[PDB]
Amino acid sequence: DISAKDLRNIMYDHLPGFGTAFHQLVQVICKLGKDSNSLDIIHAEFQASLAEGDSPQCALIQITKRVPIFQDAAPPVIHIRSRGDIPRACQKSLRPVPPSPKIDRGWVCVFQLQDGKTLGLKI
C-alpha cells in the first residue's frame, strides 16, 4: 500500500520549483488523506487527471474538488513559530485569513504563528 510519504514523493516528482504553494497543497492532501484513509483514491484521481492531460497543479486542484473529504472543507491549521518556517516560494501566496476559507476554493491551509498571527495560503 502507498504511504503518505510515497504519495507526497510521487506528487512532488511532477511539480516544478520547490516549496511552492502546490507542494504545500500536496502536504495537506497527504495529511488529510492519511487521516481519512483516502490515500488510494487520492492517488488514483491524481494519476487519472494526469493521464487525461491535465497539468499536475490542475490535478491537485481537481483532487480538492473531487475527493469528498476536501469538499466544502475548512483549511487545516498548521502551527509554526514564524513566517520564516514557511517556504520562500510560498511567501507571496500568504494572505490575511478571510471568513470561512475553503480548501476547494484555494485556501490550502492556515498557518498559525506563535505570537498569534494567522496567514492563509492561497492558490
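So that there is no doubt, residue numbering starts at 1 and follows the sequence shown.
Comparing the deposited coordinates for 89 to 97 and 22 to 30, the stretch with the larger average C-alpha B-factor is 89 to 97. In the deposited entry, the Cα temperature factor of residue 121 places it in the lowest third of its chain's modelled residues.
Sorting the modelled residues of the chain by their CA temperature factor places residue 64 in the lowest third.
The deposited CA B-factor of residue 36 belongs to the middle third of values across its chain.
Looking at the C-alpha B-factors along this chain, the one for residue 113 belongs to the highest third. Residue-level temperature factors show residue 42 in the lowest third of its chain, judged at the C-alpha atom.
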